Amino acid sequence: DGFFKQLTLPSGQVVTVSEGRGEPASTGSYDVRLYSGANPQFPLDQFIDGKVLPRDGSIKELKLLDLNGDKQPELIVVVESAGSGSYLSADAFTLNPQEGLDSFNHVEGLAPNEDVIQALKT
């Protein structure tokens, strides 16, 4: 099994993030799947929506931070290139009970010392 992480949002919704099965470490895809989380004992029983995105590198971090000021965290998936420069890219998603899952922003080709969060707000 490859990369898999499950997070519970403040609303009680549950999100999973996976890299594509059978893919190389250096490049491929990942998906984000949102669930209602209505029963925390069976958090993945009620699927809502999902997206598949390319990754130029490996997932390096998952962050839950409010980017748009609505008080709820967006999900940020930070990806680090296998290149010697370790260039960063990231996708942000809104995920909430009212709207479900949507893309918020995407950045790529960032130097390792760049402010990814500020870039995603830009």
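Heads up: residue numbers just count along the shown sequence, starting at 1.
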Stretch with the higher entry mean CA B-factor, where the candidates are 94-102 and 18-26: 18-26
Segment of higher mean CA temperature factor, 7-15 or 107-115: 107-115
Residue with maximal Cα B-factor (values as given in the PDB entry) among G85, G50, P73, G37: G85
Position of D31 among the chain's modelled residues by C-alpha B-factor, lowest, middle or highest third: lowest
